[PDB]
């Protein structure tokens, strides 16, 4: 009857599409969805699994591949079926996701294609997927001999639009020559874009801006925001479908489902 879903955040909206997809599958099969919000903390992720034990979940949907030490032990000791989301494991674990790195290299290559050569990176939160995003951006820049530590900005606090505007201020003061920003999440990109307009900066002519995820507000910016559509809803759908089968001792369609991504190319980079 019940499945536990563990996600690192509610506020940033990234995983709302994902909850909605799971529910579509769980409701159709009569399961109840329980939600654990770990706030990107492995300690609380643990405390949530422990605490949610008393609810007798039949299976668990887990975000990400990195987890606290005893985490995996509890899952096996209780023989709990699990599907992992957002990433791709290379060790048998059942998972649905896509290549964070390919995504990051792809959006970066798009910026290069637009004639930009001093492309910065805006990082916030700094979880595992953000850094994979970073690896792609770096690998794209290395191929073009355009890499520069002076154009990467990684800040540990949680993302927000205010923070996107603040990071923009810092980047353009340090490096007024920066001609594009790839932001690790749309909230940051949205803030940096609104701030850039406020500062009278021509976008994309002087500065192109791209985000990540294609959260709802991205298409509805002025100018519309270039970003990477990640299949967050389809990840929840596929992850649920596959866990249900695992609960019924069956073989899911795939043990490692790469749903890819699309580049959403808009005026904020294409003019």
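Positions refer to the first chain, counted from 1.
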With B-factors read from the PDB entry, the higher C-alpha mean of 101-109 and 77-85 is in 77-85
Higher avg CA temperature factor (145-153 vs 89-97, as deposited) belongs to 89-97
One of 232, 67, 206, 39 has the largest Cα B-factor in the entry, namely 67
Residue set 246, 210, 218, 202, per-entry CA B-factor max assigned to 246
Tertile call for residue 3 (CA temperature factor, within chain, third-based) is the highest
Of the three thirds of Cα B-factor ranks in this chain, residue 63 occupies the middle
Of the three thirds of the chain ranked by Cα temperature factor, residue 186 occupies the lowest
Residue 72: C-alpha B-factor third of its chain, per the entry, is the highest
